[PDB]
**Student:** 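I have a structure I would like to understand better, so I am pasting it below and will then ask my questions one at a time.
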Amino acid sequence: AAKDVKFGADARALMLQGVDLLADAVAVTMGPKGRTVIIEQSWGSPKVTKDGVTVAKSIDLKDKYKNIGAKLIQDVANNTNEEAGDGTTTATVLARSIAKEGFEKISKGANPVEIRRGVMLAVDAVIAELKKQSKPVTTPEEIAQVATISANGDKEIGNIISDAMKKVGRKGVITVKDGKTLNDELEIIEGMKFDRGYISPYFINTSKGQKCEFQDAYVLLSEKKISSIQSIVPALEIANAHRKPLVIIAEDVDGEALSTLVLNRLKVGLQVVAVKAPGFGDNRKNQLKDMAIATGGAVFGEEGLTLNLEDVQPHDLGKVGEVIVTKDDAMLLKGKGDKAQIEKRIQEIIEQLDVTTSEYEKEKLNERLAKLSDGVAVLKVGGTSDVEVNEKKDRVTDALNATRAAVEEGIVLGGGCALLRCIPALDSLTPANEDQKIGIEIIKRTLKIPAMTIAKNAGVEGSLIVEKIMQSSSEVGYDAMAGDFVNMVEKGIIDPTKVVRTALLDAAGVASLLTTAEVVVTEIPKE
Amino acid sequence: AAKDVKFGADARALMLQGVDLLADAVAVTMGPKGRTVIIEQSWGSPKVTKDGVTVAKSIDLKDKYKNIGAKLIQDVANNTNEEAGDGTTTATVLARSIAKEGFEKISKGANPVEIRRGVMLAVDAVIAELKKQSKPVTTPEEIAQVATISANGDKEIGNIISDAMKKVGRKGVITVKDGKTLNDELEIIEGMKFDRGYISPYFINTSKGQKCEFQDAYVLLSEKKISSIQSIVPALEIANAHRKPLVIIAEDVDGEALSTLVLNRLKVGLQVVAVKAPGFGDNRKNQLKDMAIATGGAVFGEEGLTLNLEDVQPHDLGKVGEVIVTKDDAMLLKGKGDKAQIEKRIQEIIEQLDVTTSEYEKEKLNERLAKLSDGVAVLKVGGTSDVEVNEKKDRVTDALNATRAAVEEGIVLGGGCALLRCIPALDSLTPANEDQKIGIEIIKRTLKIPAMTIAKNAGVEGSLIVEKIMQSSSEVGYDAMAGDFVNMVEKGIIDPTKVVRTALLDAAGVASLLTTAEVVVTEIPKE
Amino acid sequence: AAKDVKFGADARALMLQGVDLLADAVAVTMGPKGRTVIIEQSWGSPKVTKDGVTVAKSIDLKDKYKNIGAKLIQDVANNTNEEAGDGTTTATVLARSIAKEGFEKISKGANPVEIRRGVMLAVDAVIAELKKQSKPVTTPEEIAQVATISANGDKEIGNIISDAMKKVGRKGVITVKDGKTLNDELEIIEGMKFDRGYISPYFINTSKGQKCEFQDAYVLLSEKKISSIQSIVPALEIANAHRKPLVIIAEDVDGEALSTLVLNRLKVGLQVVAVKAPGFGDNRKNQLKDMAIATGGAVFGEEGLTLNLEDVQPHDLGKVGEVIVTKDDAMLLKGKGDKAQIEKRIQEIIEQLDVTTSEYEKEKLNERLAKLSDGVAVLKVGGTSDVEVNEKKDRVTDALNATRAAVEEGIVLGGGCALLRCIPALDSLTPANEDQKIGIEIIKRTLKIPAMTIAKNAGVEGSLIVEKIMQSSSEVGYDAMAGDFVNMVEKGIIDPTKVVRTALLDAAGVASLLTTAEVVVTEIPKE
Ligand SMILES: Nc1ncnc2c1ncn2[C@@H]1O[C@H](COP(=O)(O)OP(=O)(O)OP(=O)(O)O)[C@@H](O)[C@H]1O
Ligand SMILES: Nc1ncnc2c1ncn2[C@@H]1O[C@H](COP(=O)(O)OP(=O)(O)OP(=O)(O)O)[C@@H](O)[C@H]1O
Ligand SMILES: Nc1ncnc2c1ncn2[C@@H]1O[C@H](COP(=O)(O)OP(=O)(O)OP(=O)(O)O)[C@@H](O)[C@H]1O
Ligand SMILES: [K+]
Ligand SMILES: [K+]
Ligand SMILES: [K+]
Ligand SMILES: [Mg+2]
Ligand SMILES: [Mg+2]
Ligand SMILES: [Mg+2]
């Protein structure tokens with residue numbers, strides 16, 4: 001395939017045009033007074049979004065040279081989103097600033113690689129200053145404030161996130177889902193709920209709600225399928241001798257045993273119910289073992305130390321205070337396992353979490369830990385249509401990510417003032433040569449961009465706002481929603497440190513390497 | 001397919017246009033003050049590179065006559081890269097110089113073949129002079145300096161390469177890999193690590209880290225799969241009699257033996273663990289034998305002198321001071337084999353290396369030698385994004401190749417001064433006729449190109465720099481980064497001899513044959 | 001498919017245009033001062049060639065009428081290459097001369113068929129004169145001179161070819177192969193080497209080089225596969241009784257016999273090795289029989305007079321002074337067969353060569369004869385890249401073909417003087433009518449073309465050179481490389497007679513028939 005080659009200023013200008021287009025599209029969404037972007041979808045209704053990475057990923061250019069800069073800015077935004085989950089618009093604007101200022105300074109005598117070295121040095125100094133300015137989060141009010149700021153000033157979302165974190169802990173499992181009503185809802189799931197229904201309608205004993213409900217029930221855990229009458233009769237005899245209900249959690253129940261169970265339930269009133277084992281693969285075994293420790297029972301059919309159903313004993317069965325089974329899910333609430341064994345299992349899970357990490361494995365381990373310790377939380381997002389619901393879920397996810405980041409690390413001032421307060425740290429550096437000085441100056445000029453963008457979206461002159469902020473005391477910043485100068489921490493305009501440093505590092509890392517190019521090679525368009 | 005034919009000057013001009021385009025694209029990247037090239041990729045983000053062969057391979061031209069010269073220059077760069085692994089930009093610029101000067105001298109009375117003969121004679125003389133000027137490498141400081149120069153002035157890369165060579169030897173196994181952090185890392189792997197995990201989680205005996213760890217363990221090596229209980233029981237009896245752990249490295253472990261192992265481990269505390277054999281094919285047998293000599297044991301199930309598991313004896317088992325097995329890899333650290341047998345095995349491996357050579361076979365033999373003698377080194381390259389990591393891995397690989405070349409042979413001056421100092425050797429030649437004189441003069445003029453290119457990329461007049469260098473003493477050269485005239489060896493601006501001679505030889509060999517053409521035949525473009 | 005028809009002068013002019021284009025392209029490569037042609041390849045790097053037939057085969061024209069002449073000239077060149085393997089450029093230029101002069105003489109009253117008859121008569125007379133002027137080759141110096149002239153003045157190629165012919169004979173087997181070094185190499189393979197390696201690594205007994213080496217070994221030749229232990233044990237018993245090594249050359253060795261062999265070799269030190277039979281099909285049987293006569297043994301498993309392995313006797317085994325077996329090839333060096341039987345086998349092979357001839361059969365018979373009599377020679381061609389190596393192999397192959405032709409027949413003067421010295425023979429002919437006189441004059445004018453072309457490529461006026469040559473004594477010719485008038489035979493500027501007569505005959509035969517056309521029919525181009 002034939003190719004086209006460009007040198008120097010023309011190539012730099014075309015790439016800067018692409019970068020400027022993508023960054024201009026992204027920048028309109030930043031701050032409390034930003035606006036939304038509508039993106040055409042090929043299979044239905046368009047998206048309406050206020051999210052930087054979503055807007056960035058949706059733009060592809062016809063010209064081959066502009067698309068290079070567009071793709072690099074997309075890489076910046078995607079890396080920021082993957083690492084922190086928030087702060088992608090800030091990263092995009094910082095990257096454009098660095099790229100433009102770098103391109104403006106290239107000449108015959110310049111050495112772009114040394115300029116890149118100076119840029120990296122300055123960014124390291126800035127990150128050190130940011131880490132020195134951070135403070136830890138200690139109160140639920142700070143959690144609510146962070147969530148409110150991340151959700152674009154919505155107090156209800158912050159309140160619901162704070163309540164969820166209070167109920168399931170600051171490191172618990174919280175998920176976001178679509179709602180079917182006009183309003184948002186918070187649902188707390190306690191105990192062990194594994195989403196498996198009763199095998200046969202004949203086991204129902206509660207008319208209102210169509211539920212099978214038992215109290216003080218024996219639990220029979222079977223790793224392998226139950227088929228024969230010989231393997232099932234002893235458990236029924238044990239249960240009937242003591243006059244207690246029995247819940248059989250097993251891989252499956254076959255025709256003969258199921259027929260015996262239904263016949264006894266119908267003609268004797270025997271209190272029994274059967275359910276499938278949850279999870280597939282080794283996860284099924286892990287869940288069954290977790291239930292075994294939780295209820296104080298044993299697992300039958302294990303490959304190691306195989307325990308036979310034929311000689312089941314009364315002490316091999318778990319005990320649960322309440323069992324609720326319905327068509328879609330089942331729940332055992334109050335097990336009777338030994339606390340020490342449960343704590344040992346929790347310790348084993350949290351140690352396994354630290355050994356090898358993957359999204360699937362981490363998700364499963366966290367779910368197991370939550371089911372065994374504290375429970376899970378579900379936030380249901382409401383709205384009148386799919387477009388509104390998706391738009392609001394974007395903000396809810398941003399708020400959750402920001403709150404987790406602010407729990408892992410501290411908080412700094414919001415509104416772009418945190419980066420403004422790091423400018424004095426760059427005045428202490430002594431560059432080795434002229435190119436590193438150029439890089440340091442590039443970073444020093446770039447550090448003002450976020451506050452100016454926020455002020456510009458608000459309809460005021462950003463440069464005057466930044467000048468007045470820099471002339472005030474360290475605790476004072478600009479409230480763009482109210483349009484005033486206030487004490488940022490007292491008003492709750494705060495940001496996570498991790499998001500800020502991640503955005504700065506990614507933007508600098510990509511833009512400084514972009515500004516070192518001299519030749520660009522592209523493919524000639526096909527017919 | 002119809003074809004087009006061109007004669008003489010027009011064809012030469014078109015081919016020279018193609019050569020000039022490709023060489024101009026490549027030349028911008030040369031020296032401490034060179035710049036990068038951005039190459040569009042059809043499946044994602046573009047590449048940013050400062051590597052000559054990568055840039056050369058990426059250019060294809062629409063015109064059929066320019067593409068011929070482009071392909072020839074690509075051949076030059078690819079041959080230089082395959083032979084030395086470094087110095088491709090120098091080869092490209094030398095090839096362009098030779099081609100242009102050769103085309104300028106063709107006339108009615110000229111004989112291009114004799115000009116080629118003279119060019120080859122001059123190149124042979126120059127290589128002889130280079131070999132006379134070389135000096136061996138003796139100190140780690142020279143290794144660090146060579147690595148630093150090859151990595152574009154990065155001192156950390158040179159230091160890490162020097163440390164790796166000190167730890168595993170100047171001819172050990174060093175590999176380059178992607179990192180997941182901001183900084184580069186050096187990892188030394190000792191003993192015998194073959195990347196096979198424990199078969200069953202039941203064998204774990206260490207909670208923190210999820211590891212199976214033993215001290216003073218017996219090792220049972222099985223070439224063939226272990227299935228039956230009779231073949232496995234005797235080894236367990238031998239191990240239990242002496243109260244020692246047992247690690248079974250075998251092709252595989254089947255249901256019955258695995259059940260026995262897990263049952264005994266769980267209900268008795270028997271200290272056992274089992275793992276797969278590493279490598280596939282004859283490599284598996286070779287690895288098993290290597291472990292056998294290393295630990296002083298024997299291999300069961302060999303086709304020749306078959307040794308049966310049923311009559312295993314205490315002296316047929318290896319002994320290892322430490323065994324560490326986890327989900328992904330296993331390691332035996334301190335074997336108890338006889339030193340003489342290990343030395344004999346090493347000698348056999350190094351003799352096999354000299355008989356027949358292939359990339360796969362050489363890689364496997366080197367890995368076996370390293371595992372048995374000294375260990376391996378891994379350099380993990382860090383960065384904020386994939387583009388930066390790839391760009392830096394390019395330089396790390398260049399530095400490794402240059403250091404290996406400089407260990408095989410000596411070193412000469414850098415900055416292009418080595419070829420400048422060979423010009424006086426061409427003044428001693430007596431050509432047989434006029435055409436060979438023309439070729440000698442072509443080479444004499446070409447010998448100045450690298451230094452001029454390095455000076456030009458630095459923003460100064462290259463001809464004056466070369467003139468001042470040639471008027472100075474033999475030890476003085478031009479430092480382009482500082483912009484001074486210095487003692488090259490004291491500053492550490494040095495090059496490998498092999499890279500220089502390889503680049504010169506390849507460039508001359510291809511360009512001199514290019515400059516002998518009179519007719520060019522191409523295919524007419526299709527619709 | 002519709003067709004276009006042209007008559008007379010227009011068609012002749014278009015065909016002559018095509019002929020002239022192809023011949024002009026080919027002619028630039030002729031003589032010591034010819035130049036090369038670059039041909040585009042669709043799958044990689046272009047070819048650089050100085051070979052007439054390669055250039056001719058690469059040209060196809062868009063116009064349907066020019067392509068006819070181009071294809072006819074291609075036929076001339078291909079026939080010359082297939083018959084003699086050299087002299088294709090001379091044939092091309094002669095064909096163009098004949099075609100142009102024939103077209104110039106066609107008029108209303110002319111009879112082209114009689115002109116063709118006269119051309120053939122003149123060519124027959126010229127060939128008779130050439131055969132009268134030839135002299136046989138007697139000394140190795142003449143061989144070296146012929147090879148040097150054919151290789152475009154390269155003395156090293158001529159020397160290496162002469163050395164190879166001295167070592168393996170003037171009619172031995174010599175092959176040309178790619179080298180992996182900068183310089184050419186000559187390798188002589190003696191004895192019987194059939195390129196089959198040892199079956200099992202266990203048979204190796206020499207560490208340095210990984211070889212299995214034996215002296216004074218028995219040879220067991222088996223036509224059919226060896227599977228059972230009964231068929232193999234008797235040979236081992238016979239070998240062990242006399243304390244001698246044993247090499248088993250067989251179709252294959254199966255599991256049981258191979259296990260016995262490896263076990264005995266490992267636990268007893270029994271000196272044995274086994275190898276596959278070389279060649280496939282009846283060639284395998286022929287090779288096995290050849291080895292049988294060579295070593296004085298017998299072949300087991302033949303369909304006729306089947307001889308059983310179970311009753312093998314000591315006198316049925318061959319004896320070889322030295323056996324060398326490695327991973328890739330095996331060699332038996334000094335057999336002990338009866339000389340009379342070997343001579344009878346050689347006589348049978350050389351008689352079979354004369355009965356039926358094909359390239360495959362002739363190649364196999366020659367290889368068998370060489371392995372049994374004198375050995376083979378391999379010339380490895382060196383270079384820095386594939387293009388140079390291919391370009392040089394072209395010349396090496398030309399030199400080999402020319403030397404073989406000059407050994408079959410005599411030699412004449414080079415530089416085109418041989419055809420110049422045949423002009424006086426055409427002055428003795430008496431034509432029957434005017435058309436035959438026209439043909440004789442056409443040939444007489446054509447006989448000067450090669451010398452004029454050689455002089456023209458050298459940058460001088462060819463007509464004056466030819467005039468001065470024709471005015472000198474018979475032994476004087478023009479040295480174009482030096483640019484002088486010399487004694488051709490003393491300087492070594494000589495040609496094979498066969499090449500000259502073949503080129504003349506083919507060129508005349510095709511061109512004279514081309515010049516008889518009046519109507520041309522072609523197909524109308526498609527869309
Ligand atoms: N009322 C406010 N006054 C001043 N600054 C504010 C106010 N509310 C939010 N900010 C600041 O605005 C920025 C938040 O902008 P926004 O959430 O749109 O962009 P982002 O986090 O960079 O990207 P993303 O689209 O991924 O959320 C943060 O600097 C926050 O401190
Ligand atoms: N500070 C310096 N001063 C002078 N010359 C230098 C300096 N640093 C490196 N050089 C010289 O620059 C050349 C290295 O250039 P570079 O590595 O870009 O090209 P290359 O090795 O020919 O190709 P490749 O792209 O394969 O690495 C060598 O001649 C080295 O001696
Ligand atoms: N030094 C020389 N002086 C004069 N004539 C020479 C000299 N060297 C070679 N020749 C003549 O040049 C001709 C060889 O040309 P060349 O080998 O290029 O063409 P060809 O044999 O017709 O074709 P091909 O391309 O197949 O080899 C022969 O006539 C040879 O006698
Ligand atoms: K936004
Ligand atoms: K470079
Ligand atoms: K030729
Ligand atoms: Mg946000
Ligand atoms: Mg380099
Ligand atoms: Mg020839």
Side-chain angles (χ1 to χ4, degrees), chain A residues 26-32 34-37 49-56 77 81 84-90 92-93 146 149-153 394-395 397-399 401-402 414 453-454 457 495-496 499 503, chain C residues 26-37 49-56 77 80-81 84-94 145-146 148-153 394-395 397-399 401-402 411-419 450-451 453-455 457-458 465 469 477-486 488 491-496 499-500 502-503 507:
Chain A
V26 171
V28 304
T29 66
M30 188 192 194
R35 300 181 183 182
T36 62
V37 176
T49 188
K50 195 174 175 295
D51 198 274
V53 66
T54 301
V55 176
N81 188 61
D86 206 351
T88 60
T89 308
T90 306
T92 302
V93 297
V146 170
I149 290 293
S150 291
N152 198 33
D394 269 352
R395 286 187 278 115
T397 302
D398 277 345
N401 286 339
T453 308
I454 290 163
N457 282 343
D495 281 332
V499 175
Chain C
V26 171
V28 304
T29 66
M30 188 192 194
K33 294 182 179 281
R35 300 181 183 182
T36 62
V37 176
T49 188
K50 195 174 175 295
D51 198 274
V53 66
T54 301
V55 176
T80 301
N81 188 61
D86 206 351
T88 60
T89 308
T90 306
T92 302
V93 297
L94 293 171
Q145 286 167 340
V146 170
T148 305
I149 290 293
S150 291
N152 198 33
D394 269 352
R395 286 187 278 115
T397 302
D398 277 345
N401 286 339
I411 48 170
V412 290
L413 298 190
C417 297
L419 288 178
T453 308
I454 290 163
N457 282 343
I465 296 295
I469 291 167
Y478 180 66
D479 185 346
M481 192 66 191
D484 276 284
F485 285 85
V486 301
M488 296 306 252
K491 300 294 186 182
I493 306 169
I494 52 174
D495 281 332
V499 175
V500 179
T502 299

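Residue numbers start from 1 in every chain, and the chains themselves are labelled A, B, ... in the order their sequence lines are given, proteins ahead of strands. In each ligand, atom 1 is the first atom listed, and ligand 1 is the first ligand listed.
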**Student:** Quick test: of every protein heavy atom, which one is nearest to atom 29 (O) of ligand 3, and how far off is it to 0.1 Å?
**Tutor:** C:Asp495 OD2, 3.3 Å
**Student:** Using the side chain to side chain contact (heavy atoms under 4.5 Å, CB included) rule, take A:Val37 and A:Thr29 through it: C-alpha gap first, then chi angles, then the decisive distance, then the call.
**Tutor:** CA-CA 8 Å; A:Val37 176; A:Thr29 66; 3.9 Å; yes
**Student:** Starting from atom 10 (N) of ligand 3, which protein heavy atom do you reach first, and at what distance in Å?
**Tutor:** C:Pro32 CD, 4.1 Å
**Student:** Less than 4.5 Å apart, side chain to side chain, heavy atoms only: is that true for C:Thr49 and C:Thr36?
**Tutor:** no
**Student:** Just checking: A:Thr29, one of its N/O/S atoms, less than 3.4 Å away from the K ion (ligand 4), yes or no?
**Tutor:** yes
**Student:** Taking only heavy atoms of C:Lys50, which atoms of ligand 3 are found under 4.0 Å from at least one of them?
**Tutor:** 18 (O), 25 (O)
**Student:** Give me the residue, atom name and distance of the protein heavy atom closest to atom 16 (P) of ligand 3.
**Tutor:** C:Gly31 N, 4.2 Å
**Student:** Would you check if C:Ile494 and C:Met488 make a side-chain contact, meaning some heavy-atom pair closer than 4.5 Å?
**Tutor:** no
**Student:** Give a yes/no on ligand 3: does C:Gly87 have at least one heavy atom closer than 4.0 angstrom to it?
**Tutor:** yes
**Student:** Can you list the ligand 3 atoms lying under 4.0 Å from a non-hydrogen atom of C:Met30?
**Tutor:** 18 (O)
**Student:** At less than 4.0 angstrom from any non-hydrogen atom of C:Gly414, what atoms of ligand 3 do you find?
**Tutor:** 31 (O)
**Student:** State the OG1-CG distance between C:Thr88 and C:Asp398, to the nearest 0.5 angstrom.
**Tutor:** 7.5 Å
**Student:** Measure the distance from atom 21 (O) of ligand 3 to every protein heavy atom, then report the residue, atom name and distance (to 0.1 Å) of the closest one.
**Tutor:** C:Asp86 OD1, 3.2 Å
**Student:** I'd like to check A:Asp86 versus A:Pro496 (side-chain heavy atoms, cut-off strictly below 4.5 Å). Are they in contact?
**Tutor:** no
**Student:** How long is the span from the NZ atom in C:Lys33 to the CG atom in C:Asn457, to the nearest 0.5 Å?
**Tutor:** 10.5 Å
**Student:** Taking the side chain as every heavy atom from C-beta outward, state whether C:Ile465 and C:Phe485 have any atom pair closer than 4.5 Å.
**Tutor:** yes
**Student:** Who's the nearest protein heavy-atom neighbour of atom 13 (C) of ligand 3, and how far?
**Tutor:** C:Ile454 CD1, 4.1 Å
**Student:** Provide, to 0.1 Å, the distance between atom 22 (O) of ligand 3 and the closest protein heavy atom, together with that atom's residue and name.
**Tutor:** C:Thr90 OG1, 2.8 Å
**Student:** Restricting to N, O or S atoms, which atom of A:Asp86 is closest to the Mg ion (ligand 7)?
**Tutor:** OD1
**Student:** When rounded to the nearest 0.5 angstrom, what is the spacing between CG in C:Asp51 and CG in C:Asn81?
**Tutor:** 6.5 Å
**Student:** Could you tell me which atoms of ligand 3, counted from 1 in the order shown, lie closer than 4.0 angstrom to a heavy atom of C:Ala480?
**Tutor:** 3 (N), 4 (C)
**Student:** Is there a side chain to side chain contact (heavy atoms under 4.5 Å, CB included) between C:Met30 and C:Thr90 once you walk through the steps?
**Tutor:** CA-CA 8 Å; C:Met30 188 192 194; C:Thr90 306; 3.5 Å; yes
**Student:** What protein heavy atom lies closest to atom 5 (N) of ligand 3? Include the residue and the distance to one decimal.
**Tutor:** C:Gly415 CA, 3.2 Å
**Student:** For ligand 3, which atoms, with element, lie under 4.0 Å from some heavy atom of C:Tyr478?
**Tutor:** 4 (C)
**Student:** Can you see which heavy atom on A:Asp495 is nearest to which on A:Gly414, and at what distance?
**Tutor:** OD2-CA, 3.3 Å
**Student:** In Å and rounded to the nearest 0.5 Å, what is the CD1 to SG distance from C:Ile493 to C:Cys417?
**Tutor:** 8.5 Å
**Student:** Pull out every atom of ligand 3 sitting under 4.0 Å from any heavy atom of C:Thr29, numbered as shown with elements.
**Tutor:** 18 (O)
**Student:** Can you find a pair of side-chain heavy atoms, one from C:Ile454 and one from C:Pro32, that are under 4.5 Å apart?
**Tutor:** yes
**Student:** Can you name the atoms of ligand 3, numbered from 1 with element, that are less than 4.0 Å from a heavy atom of C:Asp51?
**Tutor:** 25 (O)
**Student:** Which is it for C:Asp398 and ligand 3 at heavy atoms under 4.0 Å: side chain, backbone, both or neither?
**Tutor:** side chain
**Student:** Can you check atom 2 (C) of ligand 3: any protein non-hydrogen atom closer than 4.0 Å?
**Tutor:** yes
**Student:** Quick one: nearest non-hydrogen protein atom to atom 25 (O) of ligand 3, plus distance?
**Tutor:** C:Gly52 N, 3.1 Å
**Student:** Nearest 0.5 Å, what's the CG-OG distance between C:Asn401 and C:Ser150?
**Tutor:** 9.0 Å
**Student:** List every atom of ligand 3 that sits less than 4.0 Å from any heavy atom of C:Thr88, numbering the atoms from 1 in the order shown and giving each element.
**Tutor:** 22 (O), 23 (O), 24 (P), 25 (O), 26 (O)
**Student:** Closer than 3.4 Å to the K ion (ligand 4), do we get an N, O or S atom from A:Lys50, backbone or side chain?
**Tutor:** yes
**Student:** Taking 3.4 Å as the cut-off, does A:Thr89 contribute an N, O or S atom near the K ion (ligand 4), distance below it?
**Tutor:** yes
**Student:** Rounded to the nearest 0.5 Å, what separates atom NZ in A:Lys50 from atom CG in A:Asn152?
**Tutor:** 4.0 Å
